[PDB]
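Line by line, the protein sequences give chains A and B.
For what it's worth, the authors' numbering labels the leading residue of the first sequence as 1, then goes sequentially.
For what it's worth, the authors' numbering labels the leading residue of the second sequence as 1, then goes sequentially.
Number of protein chains: 2
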Amino acid sequence: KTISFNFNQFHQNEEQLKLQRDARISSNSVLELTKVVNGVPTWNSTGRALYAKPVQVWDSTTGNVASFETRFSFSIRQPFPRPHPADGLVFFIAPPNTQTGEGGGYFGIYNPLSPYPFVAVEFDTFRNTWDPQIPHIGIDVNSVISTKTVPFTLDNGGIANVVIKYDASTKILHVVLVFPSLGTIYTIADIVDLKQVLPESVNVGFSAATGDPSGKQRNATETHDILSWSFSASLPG
Amino acid sequence: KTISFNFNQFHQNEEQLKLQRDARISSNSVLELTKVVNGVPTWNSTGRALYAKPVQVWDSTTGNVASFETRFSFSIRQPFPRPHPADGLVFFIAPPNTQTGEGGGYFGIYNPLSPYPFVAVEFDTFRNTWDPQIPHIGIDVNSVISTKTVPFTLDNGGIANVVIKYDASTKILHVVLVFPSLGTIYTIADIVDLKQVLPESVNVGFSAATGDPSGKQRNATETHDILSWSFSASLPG
Ligand SMILES: *[C@@H]1O[C@H](CO)[C@@H](O)[C@H](O)[C@H]1NC(C)=O
Ligand SMILES: *[C@@H]1O[C@H](CO)[C@@H](O)[C@H](O)[C@H]1NC(C)=O
Ligand SMILES: *[C@@H]1O[C@H](CO)[C@@H](O)[C@H](O)[C@H]1NC(C)=O
Ligand SMILES: *[C@H]1O[C@H](CO)[C@@H](O)[C@H](O)[C@H]1NC(C)=O
Ligand SMILES: [Ca+2]
Ligand SMILES: [Ca+2]
Ligand SMILES: [Mn+2]
Ligand SMILES: [Mn+2]
Numbered sequence: 001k002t003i004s005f006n007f008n009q010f011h012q013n014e015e016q017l018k019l020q021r022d023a024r025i026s027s028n029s030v031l032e033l034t035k036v037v038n039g040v041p042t043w044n045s046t047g048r049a050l051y052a053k054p055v056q057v058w059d060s061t062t063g064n065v066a067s068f069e070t071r072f073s074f075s076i077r078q079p080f081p082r083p084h085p086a087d088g089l090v091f092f093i094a095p096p097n098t099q100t101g102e103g104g105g106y107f108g109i110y111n112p113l114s115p116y117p118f119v120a121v122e123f124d125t126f127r128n129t130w131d132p133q134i135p136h137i138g139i140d141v142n143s144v145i146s147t148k149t150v151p152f153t154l155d156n157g158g159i160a161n162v163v164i165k166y167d168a169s170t171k172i173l174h175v176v177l178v179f180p181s182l183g184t185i186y187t188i189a190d191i192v193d194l195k196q197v198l199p200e201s202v203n204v205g206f207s208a209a210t211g212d213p214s215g216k217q218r219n220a221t222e223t224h225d226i227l228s229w230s231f232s233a234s235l236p237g
Numbered sequence: 001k002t003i004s005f006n007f008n009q010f011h012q013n014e015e016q017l018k019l020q021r022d023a024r025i026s027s028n029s030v031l032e033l034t035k036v037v038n039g040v041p042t043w044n045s046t047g048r049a050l051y052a053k054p055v056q057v058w059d060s061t062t063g064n065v066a067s068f069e070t071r072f073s074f075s076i077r078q079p080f081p082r083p084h085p086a087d088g089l090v091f092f093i094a095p096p097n098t099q100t101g102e103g104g105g106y107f108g109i110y111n112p113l114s115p116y117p118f119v120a121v122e123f124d125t126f127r128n129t130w131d132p133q134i135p136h137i138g139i140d141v142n143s144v145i146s147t148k149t150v151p152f153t154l155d156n157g158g159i160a161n162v163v164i165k166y167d168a169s170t171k172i173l174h175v176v177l178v179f180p181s182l183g184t185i186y187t188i189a190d191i192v193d194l195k196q197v198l199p200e201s202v203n204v205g206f207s208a209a210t211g212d213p214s215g216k217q218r219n220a221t222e223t224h225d226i227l228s229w230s231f232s233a234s235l236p237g
């Protein structure tokens with residue numbers, strides 16, 4: 001089976017998408033994961049967007065695990081340079097029927113008081129105690145304490161292109177981040193066996209968070225917009 | 001609501017119980033959680049016994065959480081005093097349809113690669129890197145790194161009586177361990193809010209494991225028998 005879908009731009013009322021929390025689709029065809037009021041991003045926000053149908057990542061019957069490729073472009077604009085923007089966005093795969101986890105440095109996917117399995121790639125903008133120098137991309141398996149990290153220099157307000165490919169044969173998850181206006185290229189990879197971590201069917205989508213009010217700094221925010229998104233996966237057996 | 005059950009001793013073919021892995025009920029009416037062949041407890045063992053029907057620990061419509069009490073007697077016999085007996089047993093509450101996680105110091109409940117929520121009381125006999133002096137009673141919330149612990153001196157081969165009470169009105173989980181032959185009393189308590197951790201309906205039961213072959217020490221074993229077990233829960237709403 002080969003599932004595929006492509007969004008060159010999002011539209012309002014889109015059937016194949018499931019918005020959660022603050023996430024909404026603007027008139028301009030941009031998916032804003034977090035809250036922006038008349039051009040200014042707000043703190044204390046969290047939002048997610050999921051493809052409305054689950055995809056089969058592997059089969060128990062055959063033991064085969066699906067390969068997949070996903071591509072998307074995003075934009076993170078940081079208006080208040082000081083004291084520190086927050087928190088970041090992530091592409092994630094998690095079991096179906098899940099609710100938004102905690103925000104902040106958890107991105108709306110990780111809840112320490114009610115854990116569930118998840119694999120996710122993060123573009124992190126705030127340096128928590130469990131984090132290395134920001135910004136950095138990170139591969140996360142069940143936790144926000146990344147297995148692998150690589151720092152990057154954000155194109156503030158610019159466009160970022162991302163390619164994430166998973167090869168069943170090698171169990172390699174490889175991630176590409178490009179900032180076209182800047183010419184910069186960032187690469188990061190790790191072995192992840194989707195079978196020992198996730199159930200047969202999952203949900204794919206994005207999650208983002210802006211500073212938590214418990215920080216007392218309202219200038220800890222930024223936008224987390226998605227411009228386009230396509231996904232393809234193949235399960236032989 | 002008020003579910004209630006009691007086992008003075010276990011009878012083979014017990015319909016209200018649900019054994020998993022190595023766990024089994026012997027002729028003498030004892031429920032042996034881990035493997036013992038002709039009186040000799042063997043390493044590399046993991047077993048679980050769960051009550052057949054799921055209990056409702058809380059209500060979303062009303063917001064009411066249940067109070068419960070459970071009492072049981074166990075026996076841990078350590079035939080090989082050296083190099084070190086292992087690993088222990090636990091009473092635990094987890095989401096329905098759970099699967100026997102990792103053995104060893106994870107007691108057949110925790111599974112790092114595929115987390116799920118659980119609340120448990122362990123009686124730990126092996127000192128892992130995350131553990132303090134053994135043996136000790138410990139309260140576990142979603143992980144084997146206890147929130148609160150207390151040490152105890154085991155009556156090797158003897159009978160232990162345990163009382164576990166949860167008061168919804170205060171979220172106090174209180175634990176009592178008595179070794180009758182010795183006259184010793186160990187007590188431990190912590191604040192635990194079942195609503196922030198578990199779903200409305202869970203499964204209640206026991207789990208135990210003997211040393212893992214990864215330690216390369218066949219002597220890291222002991223018995224983990226359950227003599228009797230009563231349980232009462234009351235959900236006002
Ligand atoms: C932050 O947002 C959450 C959910 O939208 C709300 O509970 C909270 O009161 C909001 N405001 C502040 C200042 O915390
Ligand atoms: C230990 O026991 C398990 C389950 O019975 C088995 O699969 C494994 O190969 C055993 N290994 C050793 C060294 O005993
Ligand atoms: C294993 O236990 C037996 C019984 O006490 C003992 O004779 C043997 O040499 C022990 N092995 C170690 C490493 O202590
Ligand atoms: C926050 O952002 C505004 C807008 O840039 C700036 O004038 C202010 O002093 C910044 N610093 C803090 C600590 O809020
Ligand atoms: Ca962070
Ligand atoms: Ca231990
Ligand atoms: Mn991070
Ligand atoms: Mn312990």
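No residue lacks a Cβ here, since even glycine has one placed at the ideal position from N, Cα and C.
Distance from the CA of residue 116 of chain B to the CA of residue 154 of chain A, rounded to the nearest whole angstrom, comes to 35 Å. For residue 20 of chain A, the enclosing beta strand (DSSP E) starts and ends at 17–21. In the DSSP assignment, residue 139 of chain A forms a beta bridge with A/121, A/148.
In this structure, the alpha-carbon of residue 66 of chain B lies about 11 Å from that of residue 201 of chain B. For residue 197 of chain B, the enclosing alpha helix (DSSP H) has its first and last residue at 194–197. 193, 196, 197, 198, 199: these are the residues of the stretch 189–216 of chain B whose beta carbon lies less than 9 Å from some beta carbon of chain A, given in chain order.
The DSSP-derived three-state label of residue 214 of chain B is helix.
Distances from the CB of residue 44 of chain B to the heavy atoms of ligand 2 include at least one below 7 Å. Put simply, the residues with a CB less than 5 Å from any heavy atom of ligand 5 are A/105, A/124, A/126, A/128, A/131, in chain order. Here residue 104 of chain B carries a helix assignment [DSSP, helix/strand/coil].
C-alpha of residue 42 of chain A to C-alpha of residue 106 of chain B: approximately 42 Å in a straight line. A distance of 8 Å or more separates the beta carbons of residue 156 of chain B and residue 99 of chain B.
Counting of Cβ neighbours within 10 angstroms places residue 52 of chain A among the exposed residues, the total staying below 16. Among the CB atoms of chain B, one or more fall inside 8 Å of the CB of residue 113 of chain A. Scanning chain B for C-beta atoms nearer than 7 Å to the C-beta of residue 117 of chain A yields 114, 115, reported in chain order.
In the DSSP assignment, residue 48 of chain A falls within the beta strand (DSSP E) that extends over 46–51. Below the 9 Å Cβ cutoff, chain B contributes no neighbours of residue 97 of chain A, its closest Cβ being approximately 11 Å away. By the C-beta criterion, the stretch 122–136 of chain A is judged to be in contact with the stretch 86–98 of chain A, since at least 3 inter-stretch pairs fall below 8 Å.
Residues of the stretch 214–234 of chain A whose Cβ lies closer than 9 Å to any Cβ of chain B: none. Think of a sphere of 9 Å around the beta carbon of residue 142 of chain B: the chain A residues whose beta carbon falls inside it are 112, 113, 114, 115, in chain order.
Between residue 31 of chain B and residue 10 of chain B, the C-beta spacing is below 8 Å. Per DSSP, the continuous beta strand (DSSP E) segment holding residue 187 of chain A begins and ends at 184–191.
When secondary structure is reduced to three states using DSSP, residue 41 of chain A falls in the strand class. For residue 174 of chain A, the three-state secondary structure derived from DSSP is strand. DSSP links residue 165 of chain B through a beta bridge to B/69, B/174.
In this structure, the CA atom of residue 40 of chain A is about 45 Å from the CA atom of residue 172 of chain B.
Residue 41 of chain B has its Cβ no nearer than 7 Å to any heavy atom of ligand 2.
Here residue 63 of chain A is exposed, its C-beta having fewer than 16 other C-beta atoms within 10 Å. Non-local C-beta neighbours of residue 84 of chain A in its own chain, meaning closer than 7 Å and more than five positions away in sequence, comprise 126, 220, ordered along the chain.
Residue 208 of chain B has B/47, B/89 as its beta-bridge partners, per DSSP.
In this structure, the beta-carbon distance from residue 70 of chain A to residue 209 of chain A does not fall below 8 Å. Closest by C-alpha distance to residue 160 of chain B, out of B/232, B/150, B/185, is B/185.
The bridge partners DSSP lists for residue 31 of chain A are A/25, A/226. Distance from the C-beta of residue 122 of chain A to the nearest heavy atom of ligand 7 is below 7 Å. Within the model, the alpha-carbon separation for residue 168 of chain B versus residue 19 of chain A is close to 35 Å.
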